[PDB]
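Structure record follows, encoded as structure tokens.
Quick reminder, even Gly has a Cβ in these numbers, built from the backbone with ideal geometry, and neighbours come from all protein chains shown. Read-outs: derived from the displayed coordinates by stated rules, not from any lab.
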Amino acid sequence: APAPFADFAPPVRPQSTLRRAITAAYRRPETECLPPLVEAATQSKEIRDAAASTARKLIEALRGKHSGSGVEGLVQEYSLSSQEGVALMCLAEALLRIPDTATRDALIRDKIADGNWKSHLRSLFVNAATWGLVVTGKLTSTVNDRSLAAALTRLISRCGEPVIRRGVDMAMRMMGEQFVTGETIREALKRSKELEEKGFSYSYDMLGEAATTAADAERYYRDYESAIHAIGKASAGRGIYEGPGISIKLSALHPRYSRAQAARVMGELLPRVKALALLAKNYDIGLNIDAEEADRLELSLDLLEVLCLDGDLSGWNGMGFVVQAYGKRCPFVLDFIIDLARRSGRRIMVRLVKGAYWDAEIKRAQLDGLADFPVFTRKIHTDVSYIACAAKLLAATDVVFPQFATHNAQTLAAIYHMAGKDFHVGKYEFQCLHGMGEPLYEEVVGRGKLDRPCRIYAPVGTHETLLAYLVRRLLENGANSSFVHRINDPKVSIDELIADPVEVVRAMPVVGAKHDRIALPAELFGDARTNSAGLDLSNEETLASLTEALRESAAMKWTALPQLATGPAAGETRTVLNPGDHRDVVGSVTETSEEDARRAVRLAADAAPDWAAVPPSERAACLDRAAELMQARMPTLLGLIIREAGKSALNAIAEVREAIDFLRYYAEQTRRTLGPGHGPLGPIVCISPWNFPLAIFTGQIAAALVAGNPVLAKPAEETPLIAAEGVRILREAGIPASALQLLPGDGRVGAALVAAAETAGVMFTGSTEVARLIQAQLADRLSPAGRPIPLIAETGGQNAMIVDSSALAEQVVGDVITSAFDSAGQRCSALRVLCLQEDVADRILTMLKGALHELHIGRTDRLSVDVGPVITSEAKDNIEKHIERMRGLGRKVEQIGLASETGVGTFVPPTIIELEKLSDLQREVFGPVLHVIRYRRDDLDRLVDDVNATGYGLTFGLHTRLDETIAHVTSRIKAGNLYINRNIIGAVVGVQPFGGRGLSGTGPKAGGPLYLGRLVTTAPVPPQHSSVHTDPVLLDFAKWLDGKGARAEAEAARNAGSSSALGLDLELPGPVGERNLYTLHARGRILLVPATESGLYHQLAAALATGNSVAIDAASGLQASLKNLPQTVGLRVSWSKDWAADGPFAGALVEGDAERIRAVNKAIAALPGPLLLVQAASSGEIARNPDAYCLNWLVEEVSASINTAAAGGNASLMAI
Ligand SMILES: Cc1cc2c(cc1C)N([C@H]1CCCS1)c1c([nH]c(=O)[nH]c1=O)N2C[C@H](O)[C@H](O)[C@H](O)COP(=O)(O)OP(=O)(O)OC[C@H]1O[C@@H](n2cnc3c(N)ncnc32)[C@H](O)[C@@H]1O
Ligand SMILES: NC(=O)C1=CN([C@@H]2O[C@H](COP(=O)(O)OP(=O)(O)OC[C@H]3O[C@@H](n4cnc5c(N)ncnc54)[C@H](O)[C@@H]3O)[C@@H](O)[C@H]2O)C=CC1
């Protein structure tokens, strides 16, 4: 049995002083990074004046020679709107997918120009976001395909064949000659002769990036290898400076290129790069390693170090390496590289760039709650950093070859003059991008200009391949701060363009201040609350500190005892074992006797007045203190969750963050709402699951406590230790022992607590079956006021993702792998059914299976583990029986092989099962088991039906670029948490309030604004909770009431119409690159059980005002009270003799005395399907209290999270 965490995340090599200086700068405050950069970048007045004159001369040349884009001339010539321009280019792209040039011409002449283009040519507009950038300079995340179809029809009917021909020729020039140097390396090489004769050189990029499978990594490898041969053959001995080179991306060459997989990267990726470098060495060409995301920077240094020290590569100086000046570590990376160049004796080619991932780095740091960004946040800071880093490189030209890649004429001029008067080919060079930098560098290369060489970075690939880096380049070029946008911008003067960024930064009030409009991750929510803080598992200092803290957590004698108001209780004690290795004992639990569970409820009842008397803000302060304690203790809490719950470090971090967020969110929501009139329910029984043994545990308990209720906390029998630690933290933060009692044990303890007479409310997260058993036990009971005992139950889902042929396969696969198998599929939100449009199903399925086999399954105390065990042997048996049944029915089953070491724990291999029909799946399988179905596009609406038909409604994912498909699917799906173009897991508190409908639970949403209101007897008005919309059937009903003489009910109906929040439509603060929406809809059909005519009218007003239809109990005998309804109201009303036949319902309204309410409540609990949120009132309550039926519980909350960076960039952030 290996010692826990003994091999958690050992670094590839001991970190040298130079390496440690890199890591120390990773997220250094921006005000601290800039002053040394300002100083390093300072040049003399004489130099600065000379540089401005040279920069001015270059810009005047740029602005002086022929502008006027081909696309712009085409739009002008045919008077095209923007949408027609985009639509036309999409049409041209599609026409060019036809290889036979004559076949394309006949299609244009005989079918396209004549009329219905739809009949012949996967949406035509899949890539319209890219063409929209080409046409308008603006990036839209998704495609209004109905607008584009209308515009394409309009333009063809107006201008016919001539405009189509002009569009085809225009796209042919852009895609074949402007976006790529060539479609193949041999073609790109041919076209490079022209500019090589003028003094340029070339570096070829085989547009290849992010392998998701081993097969794709091998394909990219053989692409690079064949390109190296063709470039080396063409180089023909010209050497690494005058001759052409290649650029590679390491992420192309291995599907798991990350720090977490460092051992595989060094064992499997490194030999591949060495083999390519050996080939580049034989031909004597440059081989440059491109720079990618910030969390790959230091890992790439380990590969660079081995390669530069590998004697088999000696005698060749062509190895090159990109460093990104927008990165805070850039100068320290250069120190390391320059030192490595001295040690190895290799003159490393150093390409200095600004950086291509800025948008994505902002979003990622915010999502992960890290201390700061790894890039600058003001564009001018990157320019200073670049110039400062150029000074460092120019002082080391004897040992490195600097390559200044930039299209910024001011940056160029500053370096040109910084480099001084002595030059020779091989001292340094400039670089630019094909089709972008040649205007500028035609003013640089050659004896008649500045006589400095420029290497052109030449993308290579087919039209399909090119439509990826096309968005990045066009977005980076068209950003409001980008030099190439500003030079084209006529309002921008040359004086603005040649302004020295070094002197502008120096003269600022606070040097290096963060961008005003970008929130640090900790400040995402502004004044409302402090974001929880995460941990960077790519940071070697973090990994080293965490290794120590995780080991120490495994030395602790964790215990959980029955913690009653009076003190710890005795009981039967047993060990708690690591589900990944039963030999690893995590702690001991003493479980609660049934007698002591009943005693705990009585003590909670006795204590309830004293806890209720603590002012709401002071109850909130306890939560905020507990959040602080959990944040401080996160490393230790991580280690407990890893070993007790079988979770990976990554997921444990997110769980602790989520518990912190719950505490701070409910504290803020309390300070926003609760006053004296919002009295507590009383003792609340909180029953929690094992799969989020701290987050969901803490969330339910914190909400009940801060709402003024004492809590009986019953954690899952599998995970009592982290629960005991959470209660200990909450008590330490100030929750009295009598207000929070811990009762470890199995479902018998849970049931004793639920049955106890003083139990005033139940919060349950777990299986639907147990929730249904709890509901049935509570149906027998009423509160002191004679009202039903509230149950909040969140019960999981049968969650689907629909993927159409417009989605990007690699994005889909990554989101599918994460959604289905993260946490061994033990999330209620996990992806269970992937639905693939038939025309892309085979390709996506192939990549999915390939990505499945790259997952590492094992005991979770190693960073390299992706998927841990399932929680118990019984779970493992249940899941495996489902798999084998599917296999026995002939379904295709893909499974990864498990290592022998998993035998000591309870593991299920991640599994893909291909189904014929969604109806093949008849139960939630709570494991790492993804089911895949395929669908024809015309059957999309039927498929949405099939998804809804399961009766569940928790999470739902949609991958598509097409607005019509988004509007269709999101308006027809019935689920609580929607996700567009992203994964469907890890809902964030206050951002994606979490909770569903149907078989997925009662609501209200955890981490949402209606949650606390369910835990008090009089619900407060939540923040932002209102709507200006009035249900029109409600209004028709109120007029009908006035017509029948029911004046008071008519007034009460209109009041409900105004009070309803139906139609609330909010955007919630969150990370950049994402839009997080929160809306209130009708729940569905409300079961009405009235007793009196007036009671029925009030019930009907309540249901209609919230958008619902109704089924009214025919046994009430009140049919004569609804004679002559307007058809609009009639459409919403049905009468039910057999309630179970007319379901499912989405809620219920009951009128009666205490005995009648109990009888109806019991009958309702026996209705099959969803647990119904039931509201009850006496006739007198209805007459006295306008809120007798609370409208909070008659609407349905919906969260939708849309990844607006999905098209390849952040448009809003590019205007920053
Ligand atoms: C010419 C060239 C360029 C690259 C490459 C080769 C060659 C020959 N390789 C390539 C290999 C694979 C990807 S391409 C390469 C790159 N990139 C990469 O990451 N890895 C790589 O390997 N690039 C892209 C550059 O990093 C950079 O984005 C682009 O060139 C714009 O810089 P400019 O011409 O100085 O414009 P300019 O002076 O306009 O600056 C634009 C840049 O400023 C930065 N910026 C914008 N807003 C900012 C803000 N609010 N705060 C801070 N900074 C901000 C950002 O980096 C942006 O790109
Ligand atoms: N919605 C979610 O996030 C969760 C869903 N589940 C579902 O439940 C299955 C897990 O099996 P279990 O873990 O046994 O879930 P379970 O729902 O039985 O356990 C849930 C909680 O209820 C308690 N409990 C069990 N029977 C009870 C009863 N009769 N009265 C009162 N409390 C009772 C348990 O002790 C635990 O604290 C999974 O396969 C999955 O389908 C389980 C965990 C989380």
For this session: Towards the positive end of the charge dipole of the chain, with charges on Cβ (+1 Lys, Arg; -1 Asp, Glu), say which of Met634, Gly927, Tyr257 has the farthest Cα.
Result: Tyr257
Exercise. How big is the Kirkwood radius of segment 286-355, worked out from every pair of different alpha carbons and given in Å to one decimal?
Worked result: 12.1
For this session: May I ask you to list the chymotrypsin sites (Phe, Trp or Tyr not before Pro) in segment 352-436 that are in a DSSP loop and have at most 12 other Cβ atoms within 10 Å of their Cβ?
Result: none
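What is the fewest-to-most order of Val471, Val929 by other Cβ atoms lying within 10 Å of their Cβ? The partial results should precede the final answer.
Working: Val471 17, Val929 26.
Fewest-to-most Cβ neighbours within 10 Å comes out as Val471, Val929.
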For this session: Name the residues whose placed amide hydrogens come within less than 5 Å of the amide hydrogen of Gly435, ignoring near sequence neighbours (fewer than 5 apart) on the same chain.
Result: none
Exercise. What's the Cα-based Rg to Rh of segment 664-798, Rh via Kirkwood?
Worked result: 0.95
Seminar exercise, completed: Residues whose built amide H sits under 5 Å from the amide H of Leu740, excluding neighbours closer than 5 in sequence, are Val711
Problem set entry | Prolate/oblate/rounded call for segment 102-175, Cα gyration tensor, a/c under 1.5 rounded | prolate
Seminar exercise, completed: So the pair-distance distribution of segment 29-106, from every Cα-Cα distance in 5 Å bins, comes to percents of 3, 11, 10, 9, 9, 10, 8, 7, 9, 11, 7, 4, 2, 0
Exercise. Which residues' amide hydrogens lie under 5 Å from the amide hydrogen of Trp1135, considering only partners 5 or more residues apart or on another chain, with H built in the peptide plane?
Worked result: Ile1112
Problem set entry | Euclidean distance of C-alpha centroids, segment 306-325 and segment 166-191, integer Å | 32
For this session: Let me know the whole percent of all Cα-Cα pairs from segment 612-736 that are separated by more than 20 Å.
Result: 37
Exercise. In debye, nearest 20: dipole of the chain around its Cα centre with unit charges on the Cβ of K, R (+) and D, E (-)?
Worked result: 940
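Note down the magnitude of the dipole of segment 1140-1187 about its Cα centre, charges +1 on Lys and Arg C-beta and -1 on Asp and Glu C-beta and zero elsewhere, to the nearest 20 debye.
With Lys and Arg at +1 and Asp and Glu at -1, about 120 debye.
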Seminar exercise, completed: Residue by residue through segment 503-512, the couplings from Karplus 6.51 cos²θ - 1.76 cosθ + 1.60 with θ = phi - 60°, in Hz, x for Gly and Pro, are 6, 5, 5, 4, 7, 6, x, 10, 5, x
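So which GluC sites (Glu not before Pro) in segment 630-735 pass both tests, a DSSP loop state and at most 15 other Cβ atoms within 10 Å of the Cβ?
none
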Exercise. In the chain, with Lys and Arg counted as +1 and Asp and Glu as -1 at Cβ, which of these residues, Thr575, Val947, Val163, has the Cα nearest the positive end of the dipole, that is, farthest along it?
Worked result: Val163
For this session: Would you kindly compute the Cα radius of gyration of the chain and its largest Cα-Cα separation (Dmax), both in Å?
Result: 32.8, 102
Seminar exercise, completed: Scoring only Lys, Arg, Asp and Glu (+1, +1, -1, -1) among other residues with Cβ under 10 Å from the Cβ of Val38 yields -1
Seminar exercise, completed: Ranked from fewest to most other Cβ atoms within 10 Å of their own Cβ, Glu838, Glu177 fall in the order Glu838, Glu177
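Taking 23 Å as the cut-off for C-alpha to C-alpha distance, list the pairs among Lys57/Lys193; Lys249/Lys892; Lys849/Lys892; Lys354/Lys427 that go past it.
Values: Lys57/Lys193 28 Å; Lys249/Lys892 35 Å; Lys849/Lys892 12 Å; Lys354/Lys427 21 Å.
In this structure, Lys57/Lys193; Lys249/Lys892 exceed 23 Å between Cα atoms.
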Exercise. Convex hull over the alpha-carbon atoms of segment 984-1074: what's its volume per residue in Å³?
Worked result: 147
Problem set entry | Residue-by-residue Karplus 3J(HN,Hα) for segment 993-1005, coefficients 6.51, -1.76, 1.60, Hz, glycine and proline x | x, 10, x, x, 9, x, 5, 8, x, 8, x, x, 5
Seminar exercise, completed: Ordered by fewest other Cβ atoms within 10 Å, a rough proxy for footprinting exposure, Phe956, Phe907 read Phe907, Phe956
